[PDB]
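> Build the 3D model from these lines:
(2 chains, ligands or ions: 1)
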Amino acid sequence: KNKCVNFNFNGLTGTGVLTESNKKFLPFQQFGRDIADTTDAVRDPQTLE
Amino acid sequence: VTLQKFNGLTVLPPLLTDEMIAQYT
Ligand SMILES: *[C@@H]1O[C@H](CO)[C@@H](O[C@@H]2O[C@H](CO)[C@@H](O)[C@H](O)[C@H]2NC(C)=O)[C@H](O)[C@H]1NC(C)=O
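Residues are numbered from 1 along each chain as shown, chains lettered A, B, ... in the order given. Take a look:
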């Protein structure tokens, strides 16, 4: 966290800084998208964070 | 009147600031 890295989450790849979110997902959701249909949040698979 | 960086788009500020335009007006 708090560094940018070539990340992957269940095959959701990207590059960016990872930091903790005030947003809550529903129990079944895995990643978040902005108004521009682009990814801006993701859940950790092992820590559900 | 009421009012993306992830995709290489940058929306850099104007030269004159709003408090400077306020001084000219
Ligand atoms: C995947 O394995 C990790 C352990 O490596 C699990 O994380 C543990 O979760 C339990 C219960 O919440 C905690 O008591 C442990 O402290 C956790 N361990 C660590 C080191 O994180 C995790 O729950 C597992 N995931 C699944 C889906 O089973």
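
> For the residue positioned nearest the centre of chain A, list the residues it contacts.
Nearest to the geometric centre of chain A sits residue A:42, at 1.7 Å (C-alpha atoms, centre = their mean). Contacts for residue A:42 (C-beta atoms under 8 Å, 6 or more residues apart in numbering or on different chains) come out as A:9, A:12, A:30, A:31, A:32. C-beta coordinates here come from the backbone N, C-alpha and C atoms, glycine included.

> again with residue A:18
By C-beta under 8 Å, 6+ apart, the residues touching residue A:18 are A:1, A:2, A:3, A:4, A:5, A:7.

> those strands in chain B, which residues are they?
Per DSSP state E, chain B carries no strands over any range.

> cool, chain A as well?
A:4-9, A:12-17, A:31-33, A:39-42.

> elements contacting the shortest one?
By that I understand strand A:31-33. Applying 3 or more C-beta pairs under 8 Å, 6 or more residues apart in numbering or on different chains; DSSP states H and E, one finds that strand A:31-33 contacts strand A:39-42.

> What strands flank the strand it packs on, and is each parallel or antiparallel?
strand A:31-33 (antiparallel) (DSSP bridges).

> Just flag the most distant two among the contacts of residue A:18.
Comparing all pairs in the contacts of residue A:18 by C-beta to C-beta, the longest separation belongs to A:2 and A:7, at 13.1 Å.

> Show me which of the contacts of residue A:18 is closest to chain B.
Top of the list for closeness to chain B, among the contacts of residue A:18 and by C-beta to the nearest C-beta, is residue A:4 at 11.6 Å.

> for the closest one, what are its contacts?
Counting by C-beta under 8 Å, 6+ apart, residue A:4 makes contact with A:15, A:16, A:17, A:18.

> Name the nearest of these relative to chain B.
Within the contacts of residue A:4, the smallest distance to chain B is 7.3 Å, found for residue A:16 (C-beta to the nearest C-beta).
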